[PDB]
Amino acid sequence: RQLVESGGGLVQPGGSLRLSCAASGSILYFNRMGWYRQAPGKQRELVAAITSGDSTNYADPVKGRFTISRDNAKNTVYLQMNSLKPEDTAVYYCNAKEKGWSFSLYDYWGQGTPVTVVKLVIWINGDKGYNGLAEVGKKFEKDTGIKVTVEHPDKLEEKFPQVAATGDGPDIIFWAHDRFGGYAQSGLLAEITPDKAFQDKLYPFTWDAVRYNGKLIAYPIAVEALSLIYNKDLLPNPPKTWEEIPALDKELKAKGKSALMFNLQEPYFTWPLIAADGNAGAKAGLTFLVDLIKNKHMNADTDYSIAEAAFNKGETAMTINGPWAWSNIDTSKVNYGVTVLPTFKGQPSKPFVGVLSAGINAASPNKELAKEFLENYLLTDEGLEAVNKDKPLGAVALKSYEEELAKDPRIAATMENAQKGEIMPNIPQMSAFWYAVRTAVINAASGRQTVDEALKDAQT
Ligand SMILES: OC[C@H]1O[C@H](O[C@H]2[C@H](O)[C@@H](O)[C@@H](O)O[C@@H]2CO)[C@H](O)[C@@H](O)[C@@H]1O
């Protein structure tokens, strides 16, 4: 009597698989038939069993999800595995017990059938082109069989280092390079090892942004910089200086329109004005921002959504945003322009420059599968095109995309602001820094702490 298992393959969590174990003898003679699993480096774990008496038992993990069935005609025991999970992943073995005639019994085993539950999970921000990133992921599943789900959870920059440390979290994490040094110091990211030929496809300056202590900690995707987005119909010759916005606002408020609406909550949007001169520069830049809210030119709790919506609706003449925001404007019927950020105290407003980068989670089993996705499928002409047609990436890191980038007037304006700004250091202290600026700007905006007292608490 020999037991032969079948139906073992790769599947997506939530999917299904029917294991079948056929014997070379009648199942009637068997007392008990059942399924055991063995994951790498672990003990035998019974999942299900069926006795000659038709009673079926299951282990608590698989209970409710798996059903053990039997067909005495086909001389086969089945395991219908529904709603699969990564914890299920193991080698599944078929077992049969037979009482002899005398007191003793016989245990019979099979070859084993491998079941792999694999899901490629990607964490990217909701303001980016996750739908397009999914279209790349859909082509990956066609050529391999691995599922590529794209998730966009709130506060992922500070949810990733908590979840990825303890739990599983994502396989690959997408965020501007500045947050990655903190992940690298903490040991939350795998070292990137790309071959020369892949390495050569991207601009050498882009690789520098994704380097911490002489180790590549991510894959560079695109350079991001804030620009001044303006409605050409409401404002044909927009302000070249910050100091002439109050005058323009007085003019526009008479006609039931705002001058400038942008995200005041997130400090990345307010930093260019703050850092225009520089300290004395931070005091100057912020006082101006405070005076705008004090003169009722800007709203106190202006966030990403009400600013975006207001510009797209045609209520505000200007807004401060990144490449990613353009597609939503195109959807609306607004003749828009992207240009240089306004100057403050003569000198330019220095926006921080981000390099969108993809890193592999140190606690991921799919490190080689993610490297394949990132190199051969995402960081390709075809791959970046898909992401870019959803929501624009900005100035891509791919060398082959220079011609297409250069043909776009908005990219030109983005690069103009990126040169006037500076790339963020990747250092672990960036997190504490950003938090210090986030509070400082909110406190001064609402009317709690003074501009002098804001820089005091922030420098500490
Ligand atoms: O607001 C501070 C925040 O700014 C930057 O995050 C940007 C991100 O880089 C952009 O891609 C865009 O989506 O908006 C974010 C701000 O809303 C820094 O990268 C980040 O560390 C910092 O927390």
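Residue numbers for the sequence shown, in PDB author numbering: 5 to 282, 302 to 483. Even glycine gets a Cβ: it sits at the ideal position worked out from N, Cα and C.
Cβ-based burial, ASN449 [other Cβ within 10 Å; buried from 16]: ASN449 comes out buried.
With which residues is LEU23 paired in a DSSP beta bridge? Listed as beta-bridge partners of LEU23 by DSSP are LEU83.
How long is the line joining the alpha carbons of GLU155 and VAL410, rounded to whole angstroms? Using only the alpha carbons, I get a separation of about 15 angstroms.
Give the DSSP-derived three-state secondary structure of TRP105 in the structure shown. Of the three classes helix, strand and coil, the one that applies to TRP105 here is coil, per DSSP.
Quick one: give me the first and last residue of the beta strand (DSSP E) that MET447 is part of. Bounds of any beta strand (DSSP E) do not take in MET447, whose DSSP letter is neither H nor E.
Could you please give the first and the last residue of the uninterrupted beta strand (DSSP E) stretch that includes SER231? Run containing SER231: 231-235, per the beta strand (DSSP E) assignment.
Take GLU248 as the anchor and find which of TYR134, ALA77, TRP349 and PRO365 has the nearest alpha-carbon. Comparing Cα-Cα distances from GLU248 to each of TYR134, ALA77, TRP349 and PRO365, the minimum goes to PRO365.
Could you give the distance in angstroms between the alpha-carbon of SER380 and the alpha-carbon of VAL214? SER380 and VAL214 have their C-alpha atoms some 7 angstroms from each other.
Residue interval of the beta strand (DSSP E) (run including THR117): It spans 117-121 - the beta strand (DSSP E) in which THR117 sits, taken as one unbroken run.
At what residues does the beta strand (DSSP E) containing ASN61 begin and finish? Segment 60-62, the beta strand (DSSP E) holding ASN61.
Does the distance from the CB of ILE233 to the CB of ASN344 come in under 7 angstroms? Cβ distance < 7 angstroms, so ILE233 and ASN344 count as in contact.
Range of the contiguous alpha helix (DSSP H) that encloses residue 287: Since the chain is numbered 282 and then 302, with no step between, residue 287 has no place in the structure shown.
Counting pairs of beta carbons, one from the stretch 115-125 and one from the stretch 83-98, are three or more of them closer than 8 angstroms? By the Cβ criterion, the stretch 115-125 is in contact with the stretch 83-98, since at least three pairs of Cβ atoms, one from each stretch, lie closer than 8 angstroms.
If we count the other Cβ atoms within 10 Å of its Cβ and call it buried at 16 or more, is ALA43 buried or exposed? So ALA43 counts as exposed.
Cutting at 6 angstroms between CB atoms, please list the residues of its own chain near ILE278, excluding the five before and the five after it. Beyond the five residues adjoining it in sequence on each side, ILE278 comes within less than 6 angstroms, by CB distance, of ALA305, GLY308 and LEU309 in the same chain, given in chain order.
With a Cβ-Cβ cutoff of 7 angstroms, do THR437 and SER231 count as a contact? Yes, they are a contact pair.
Which of the three DSSP states is assigned to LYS151 in this structure? It is a strand residue.
Same chain, Cβ closer than 7 angstroms to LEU7, five either side skipped, listed in chain order: The answer, listed in chain order, is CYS25, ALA27, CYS98, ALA100, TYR112, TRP113 and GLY114.
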